[PDB]
Amino acid sequence: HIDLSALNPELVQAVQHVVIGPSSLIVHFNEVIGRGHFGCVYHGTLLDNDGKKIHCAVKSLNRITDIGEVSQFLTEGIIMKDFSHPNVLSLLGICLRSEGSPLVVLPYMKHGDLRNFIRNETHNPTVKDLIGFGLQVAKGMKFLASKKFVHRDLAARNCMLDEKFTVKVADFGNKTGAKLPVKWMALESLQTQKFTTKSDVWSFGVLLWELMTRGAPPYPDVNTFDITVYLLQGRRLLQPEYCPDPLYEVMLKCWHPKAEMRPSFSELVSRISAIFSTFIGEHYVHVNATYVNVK
Ligand SMILES: Nc1cc(Oc2ccc(NC(=O)NC(=O)Cc3ccc(F)cc3)cc2F)ccn1
């Protein structure tokens with residue numbers, strides 16, 4: 001009971017060559033997983049004719065609450081329509097029955113988010129495993145940069161991990177909000193709320209740190225918004241105990257004060273693939289006692 005067809009002429013006719021028939025996809029509402037706020041992600045299974053099956057993630061939101069921030073839901077998940085990279089979260093399809101709230105469907109990521117996975121104490125990552133995860137994000141990021149796509153919120157909490165341990169870059173979902181992830185933000189974005197690919201590089205450097213500390217919160221002591229004063233003092237995150245020297249050097253390049261002096265994602269894949277190849281997988285990374293329980 002909503003005059004939908006009023007979204008966009010040759011702009012939102014996308015849900016078409018992207019939609020799928022419920023005649024091949026079920027929904028399991030009881031068992032959940034996603035509920036950080038909006039998009040009450042569930043579970044589900046799609047079908048590929050007579051045999052091929054598949055597990056999934058289904059996130060949705062409100063309804064009769066007008067369409068203002070409701071069209072930005074369909075238009076967000078559609079952003080993935082042309083995101084075909086092993087290291088980037090993909091769009092399975094789109095289906096909205098003649099009475100079912102705005103439904104978004106994604107492939108299931110068994111190991112959840114990169115940050116929770118690495119913080120898990122029953123897991124025993126090696127320096128190599130972690131450098132490998134960073135290399136995969138760099139690869140997906142290189143794809144996105146190639147599309148002139150600006151992420152704006154690159155963080156380990158926003159990367160997914162599947163059953164083969166393939167990292168998928170994503171976004172679990174304004175230039176002055178408190179929700180602004182200022183601790184991943186480059187100096188120039190904190191000052192002028194402008195985001196670029198060079199500002200995702202700075203953020204990538206912080207993600208490498210989260211990786212080498214196994215999900216430690218950055219700048220714990222400065223639990224604020226006023227990180228700009230702290231940074232302009234001549235400060236940077238410190239080298240984690242298990243982070244190789246050549247890798248911390250890459251991090252400091254990512255945090256170059258001059259955005260254009262920062263390496264490109266293509267240079268990062270290159271530099272990190274080299275550092276990664278030198279490891280055999282005999283170095284275990286342990287959790288820092290002073291970061292334990294720190295949020
Ligand atoms: N266990 C499990 C939980 C899951 O939760 C979710 C996790 C993430 C999303 N993200 C989303 O809706 N879209 C994108 O991220 C769009 C996008 C893609 C690439 C970019 F670079 C920027 C934005 C939705 C979820 F449901 C999914 C699968 N398995």
Side-chain angles (χ1 to χ4, degrees), residues 14-15 18 20 25 27-46 53-62 69-96 101-120 123 133-134 136-174 179 181 184 195-197 199-201 203-204 207 265 268-269:
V15 180
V18 141
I20 307 248
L25 165 57
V27 183
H28 321 61
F29 318 64
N30 10 260
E31 332 96 2
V32 273
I33 23 157
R35 216 77 237 78
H37 178 255
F38 256 122
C40 182
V41 245
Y42 292 161
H43 280 260
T45 297
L46 257 96
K53 58 176 196 152
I54 152 135
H55 191 197
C56 84
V58 290
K59 70 163 227 197
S60 322
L61 345 166
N62 287 67
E69 53 73 72
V70 159
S71 267
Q72 335 170 117
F73 180 74
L74 205 207
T75 294
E76 110 73 33
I78 170 266
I79 208 54
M80 343 194 26
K81 149 68 200 141
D82 302 277
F83 278 2
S84 56
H85 196 271
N87 298 129
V88 179
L89 198 57
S90 293
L91 163 82
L92 274 192
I94 189 27
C95 325
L96 253 52
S101 127
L103 216 199
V104 165
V105 193
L106 314 124
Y108 187 57
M109 295 298 133
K110 184 170 153 187
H111 297 293
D113 72 74
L114 195 46
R115 186 179 190 255
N116 281 316
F117 180 84
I118 75 176
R119 283 179 66 78
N120 198 308
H123 296 148
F133 292 139
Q136 289 190 66
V137 179
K139 286 194 191 155
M141 287 306 286
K142 173 197 192 166
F143 177 72
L144 296 175
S146 86
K147 302 308 110 137
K148 323 290 188 135
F149 180 81
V150 175
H151 200 288
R152 293 165 108 264
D153 192 16
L154 204 32
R157 83 193 151 249
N158 272 329
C159 294
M160 305 307 291
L161 195 63
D162 78 2
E163 84 269 25
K164 301 250 257 322
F165 303 104
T166 306
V167 177
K168 308 278 210 217
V169 185
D171 204 329
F172 259 111
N174 166 60
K179 264 112 207 226
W184 278 264
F195 296 83
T196 72
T197 287
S199 75
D200 287 337
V201 167
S203 294
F204 171 75
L207 175 147
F265 274 118
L268 292 165
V269 168

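Counting convention: from 1, in listed order, for ligands and their atoms alike. We're numbering straight along the sequence, starting at 1.
Across the listed options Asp171, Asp200, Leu91, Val88, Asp171 owns the non-hydrogen atom lying nearest to atom 17 (C) of ligand 1. When the heavy-atom distances from atom 27 (C) of ligand 1 to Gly112, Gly140, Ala57 are ranked, the shortest goes to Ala57. Residue nearest to atom 4 (C) of ligand 1, selected from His85, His43, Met160, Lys147: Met160 (by heavy-atom distance).
Each of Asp171, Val169, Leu144, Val201 was evaluated against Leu154; a single residue qualifies, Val169, per the side-chain contact (heavy atoms from CB on, under 4.5 Å) test. Residue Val167 forms a side-chain contact (heavy atoms from CB on, under 4.5 Å) with just one option from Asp162, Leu114, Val88, and that option is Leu114.
Of the N or O atoms in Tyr108, none lie within a sub-3.5 Å distance of an N or O in ligand 1.
Using bins of under 30°, 30° to 60° and over 60° for the plane-to-plane angle, the ring pair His55/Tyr108 lands in the tilted bin.
Counting only residues at least two apart or on different chains, the side-chain hydrogen bond (donor to acceptor under 3.5 Å, both in side chains) pairs with a member in residues 137-153 are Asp153-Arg157, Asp153-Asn158. For residues 29-39, the set of pairs meeting the side-chain hydrogen bond (donor to acceptor under 3.5 Å, both in side chains) definition, not counting sequence neighbours, is empty.
Taking every heavy atom of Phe83 and a limit of under 4.0 angstrom, the matching atoms of ligand 1 come to 18 (C), 19 (C), 20 (C). Interface of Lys59 with ligand 1, defined as ligand atoms under 4.0 Å from a residue heavy atom, comprises 11 (C), 12 (O), 24 (C), 26 (F). Shown in contact with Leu106 at under 4.0 Å from a heavy atom are these atoms of ligand 1, numbered in order with element: 9 (C), 12 (O), 24 (C), 25 (C), 26 (F). Set against the non-hydrogen atoms of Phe149, the atoms of ligand 1 under 4.0 Å away are 21 (F). Atom numbering of ligand 1 starts at 1 in the shown order; those under 4.0 Å from a heavy atom of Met80 are 13 (N), 14 (C), 16 (C), 18 (C). Less than 4.0 angstrom separates some heavy atom of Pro107 from each of these atoms of ligand 1: 28 (C), 29 (N). The atoms of ligand 1 that sit less than 4.0 Å from any heavy atom of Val169 are 19 (C).
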*Could you give me the CA-CA distance, side-chain angles and deciding distance for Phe73 and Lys59, then say whether side-chain contact (heavy atoms from CB on, under 4.5 Å) is met?*
CA-CA 10 Å; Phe73 180 74; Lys59 70 163 227 197; 3.7 Å; yes
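In this structure, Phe149 has its ring center closer than 6.0 angstrom to the ring center of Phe83. Annotation: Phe117 is in aromatic contact with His111 [ring centroid separation under 6.0 Å].
For atom 1 (N) of ligand 1, the closest non-hydrogen atom of the protein is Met109 O, 3.0 Å. Among protein heavy atoms, the minimum distance from atom 6 (C) of ligand 1 is reached at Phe172 CE2, 3.2 Å. Residue, atom and distance of the protein heavy atom nearest to atom 13 (N) of ligand 1 are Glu76 OE2, 3.0 Å. For atom 26 (F) of ligand 1, the nearest non-hydrogen atom of the protein is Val41 CG1, 2.9 Å.
Within the 4.5 Å cutoff, side-chain heavy atoms of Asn62 are placed close to those of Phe38. In this structure the side chain of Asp113 never reaches within 4.5 angstrom of the side chain of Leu161, judged on heavy atoms. In this structure the side chain of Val32 never reaches within 4.5 angstrom of the side chain of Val41, judged on heavy atoms.
Contact annotation: for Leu144 versus ligand 1, heavy atoms closer than 4.0 Å belong to the side chain alone. Under 4.0 angstrom from ligand 1, the non-hydrogen atoms of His151 all belong to its side chain.
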